[PDB]
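# Remarks on the overall topology
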Protein chains: 2
Amino acid sequence: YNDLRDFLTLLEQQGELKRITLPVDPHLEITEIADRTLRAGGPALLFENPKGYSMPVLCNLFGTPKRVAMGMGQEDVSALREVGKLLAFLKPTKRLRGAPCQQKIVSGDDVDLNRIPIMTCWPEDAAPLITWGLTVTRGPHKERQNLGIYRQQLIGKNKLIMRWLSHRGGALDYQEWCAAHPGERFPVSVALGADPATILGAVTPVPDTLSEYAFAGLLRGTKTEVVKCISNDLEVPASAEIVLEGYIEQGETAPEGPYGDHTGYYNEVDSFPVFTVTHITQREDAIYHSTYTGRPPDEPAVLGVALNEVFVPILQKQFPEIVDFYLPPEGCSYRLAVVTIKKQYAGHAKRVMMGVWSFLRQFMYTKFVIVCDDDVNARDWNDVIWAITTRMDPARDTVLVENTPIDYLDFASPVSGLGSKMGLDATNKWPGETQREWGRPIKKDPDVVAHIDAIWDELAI
Amino acid sequence: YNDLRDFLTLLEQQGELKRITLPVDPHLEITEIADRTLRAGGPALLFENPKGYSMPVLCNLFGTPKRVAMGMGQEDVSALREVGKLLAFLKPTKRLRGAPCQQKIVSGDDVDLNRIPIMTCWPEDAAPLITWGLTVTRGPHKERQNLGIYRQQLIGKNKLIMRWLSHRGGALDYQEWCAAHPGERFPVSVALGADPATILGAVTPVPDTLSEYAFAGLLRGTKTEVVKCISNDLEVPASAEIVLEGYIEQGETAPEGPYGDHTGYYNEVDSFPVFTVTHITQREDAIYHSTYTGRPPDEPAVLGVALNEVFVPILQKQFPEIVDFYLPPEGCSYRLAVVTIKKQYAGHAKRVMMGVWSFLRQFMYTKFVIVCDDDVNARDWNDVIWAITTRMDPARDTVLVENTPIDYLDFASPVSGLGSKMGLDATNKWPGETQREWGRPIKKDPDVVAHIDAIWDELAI
């Protein structure tokens, strides 16, 4: 639906947006509330009263599954499947100017970032943290562009940190910019508070054949209204609320953190490049879209559970035996995985593990995989825990693999960025696998299950 | 190129076909020769003199790599890559009658298979073995058809064995035919001595979205000339030399073997369905296309090395780090694999192993995987053996995985169809992986390598 405010109004109508008029602190307070809400499951929150401020602070926007699907075109969290039928089958822009995004420009020394209500998220964080900027960058060589969400710690008056992670095509953009034009400044533009369509295209992997304004905008019904930036010849989305324009001074970096991670812990200080902003271009009643992360759940963590319903089809195409796949938010949205399969032969559950650990680059860091038959609900601990404890001999049934790629930040692994993984084969063991008669699992009649649904309300309990 | 005889003539021109006028026995003799030829590398062999017979016996047709590529349209074994760019990007027929294939029909009791020169391949085989029939079958439910090469041991006067392997969509065709119409005969048609285009489409995996007359025939420049069979309403290719038509009597089966496998060993007797042929329809100077397998090399084994150059692109799309991939014929064309990569981080070689073991269903049974950097030639034992012995601590560097899917026939695995695998990480170890300074490998100047090529002939040695 159109631009961010157009989407905004839809929610407020159906009781999916909430209006807080009370004075709320960007320092830790707005965070605390959004967690209470998300942990129990309230609506999105808009804050027309930041304490000592006057710019609205929007958080918890995609804070439950339903906020995502409506943000994609539908009502049913079932057509998130169809978003994923899309990316595996693939195996367009529209420019403006006096476009709403740049109506108010503040350049040069007038640039004071203390003017915006950036969230200070948790107890011993460093400075306040810009958590929801959609970073735009260009490769010097080609022309095709790159989006990304990095956490942007404000250190100075108009200085910001680019916490990008080496691998990202976004980081690779800067690296090749110093390489071809050495000692020369690298233009970046980070756009804030955007429309639903490109925003869910920003937390998503696309094959490098199609731009992520073309996929993202065609999750909406309308091709992407974009624009030239004032200080550079790279594109920011037009539906924007605040747009940041600057460059990174070559060699110049600052100490970053501590910050709490969605891991539930404090990242220890480590240094990163300084994006210096020469322009802050905005609307009027302009908004600033924001979030946070911590000991899971959190917004990304739900956004994560959201995202993965999208992956399922991709996985299913490649792995038809996979009935269902799911990474819990308890396990940092990515560290543990339950897969459920139609088992087709002894040994089967291992083909699946190694598949999971390798096929998608997202799932390359997943320490724990638990594979069970299609009569186990992946999404329920009752089932999975039953699964594990009735259907496995632990030593017989556990794949342990060593010296594999693991997070540079995961302090549990024996060395930095190299640790071990564990598969759990909790599938019923066919012969070859066991020499004992296996148990006949109680299975429920789908009929009886069906009749009792028609009756469930008109039974009120 | 057109139909099989049209392709046949091209070879004989460039010294790639050979004419044996001497009396040769289908029992073991024609086999022995084709092995001598293939082991050193002679041409294809046509036998206008089978001993006690008069039908030509064609073997060793794709017996070296070059015979394959010309059979696909080109001269360079480099555009076999492009055959594989095709199958991953995809992620049409033309009927005749008095078509050459059915000019001579022998039905009913006149059907005597002792009329054909079926090869008796190795020492203590069972009966003679029809090794190169392209089996056609239809699913009763849908309409879309299936091709496959199974080994067809003649037991009786007009009786033949269907050695199909449960998984095959071809076998699944028969299983669903007994299921919907029980106690009812299952029509099959097996076409012999066909044109290059559908023949290389017969030893190939296609996604079930496109028929394998449509892929196969469009490896040629001409859409597939096909036909209705006389005794059934399923299609055989028209460019055929002999076409077999019959049905399988439900429940009826015979003891199969012993036979030597491309494994280099004798398969022990195990029972399979009996395809009873009511019609043998042929041309006149009709031919019968044939081969054999044994302790590798052999035709399939080269055909295997042929096939895998096709897989490389598919693998590369999914695995951009893979410089090269290759399964040796010494290792039964499928049991061992060398992969070479641009290593991008510690742990990397394991992401590759598990990928190899899982991504493609062909490579799910591969006991041994050896991964090395891109400065090792996968195709050379000199390099790989050096690789292993300079770049690995064996216990540190070997992934052992247990209880995985393995061949039902591989008698080395501890139980039937369930055995273990071994990855070998022979990549240079980056820090994290080793705490020692690694060696600086001697690398050759590509310039010096280039200049010495221009000189190699005009140096004659």
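Residues numbered from 1 in each chain as written, not as in the entry; some residues may be left out. Chains lettered and ligands numbered in written order. Part of a larger assembly, values for the part shown. Heavy atoms only, no water.

### Observations regarding helix α1 (residues 4-13) of chain A
All names here are of chain A. Where α1 is concerned, the buried positions are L4, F7, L8, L10 and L11. Mapping the buried residues of α1 onto a view down its axis gives an arc of 160°, with all of them on the same face. At its buried positions, α1 is contacted by β1 (17-19), β2 (44-46), β3 (57-58), α3 (65-69) and α6 (196-202). Two residues or fewer after α1 comes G15, characterised by a positive phi angle close to 75°. (Buried < 20%, exposed > 50% of the residue type's maximum accessible area, 1.4 Å probe, protein only. Helix = DSSP H or I, 4+ residues; strand = E, 2+ residues; numbered from the N terminus. Arc of directions from axis to C-beta. Contact = heavy atoms within 4.5 Å.)

### Description of the packing of aromatic side chains
Residue and element names in this part refer to chain A. As enumerated under the stated definition, the model contains 21 aromatic pairs over all chains in all. Between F319 and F359 the ring centres are 6.2 Å apart and the planes differ by 75°, which places this aromatic pair in the edge-to-face class. Of this pair, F319 sits in the loop between α8 (299-318) and β19 (322-326) while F359 sits in the loop between α9 (348-356) and β21 (368-373), and the two are 40 residues apart along the sequence. There is no split in this pair, since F319 and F359 are both buried. An aromatic cluster is defined as three or more aromatic residues linked by ring pairs; in this entry it consists of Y150, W164, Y174, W177 and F186. (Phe/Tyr/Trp six-rings, centres within 6.5 Å; stacked < 30°, edge-to-face > 60°.)

### Considering the UniProt feature "active site" in chain A
All names here are of chain A. Under the present numbering, the feature "active site" in UniProt falls on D261. Mapped onto the elements of the fold, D261 is located in the loop between β15 (259-260) and β16 (266-267). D261 gets classed as buried once you look at its relative accessible area, which sits at 13%. Apart from the residues lying within four places of it in its own chain, the contact partners of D261 are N267, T293, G294 and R295. (UniProt positions renumbered as here; feature names shortened; annotations may be inferred.)

### Side note on empty space enclosed by the protein
All names here are of chain A. By volume, the largest cavity is sized at about 140 Å³. Looking at the largest cavity, it is lined by 16 residues, and the ones nearest its centre are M72, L200, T204, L307 and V310. Counting only elements with at least two residues in the lining of the largest cavity, the list comes to α4 (80-89) and α8. Residue contributions to the lining of the largest cavity peak at 5 residues, all from α8. (1 Å grid on protein atoms, 1.4 Å probe; cavity = no way out; pocket = protein on both sides within 12 Å on 5 of 7 lines; lining within 4 Å. Points joined across faces, edges and corners; volume = space filled by probe spheres on them.)

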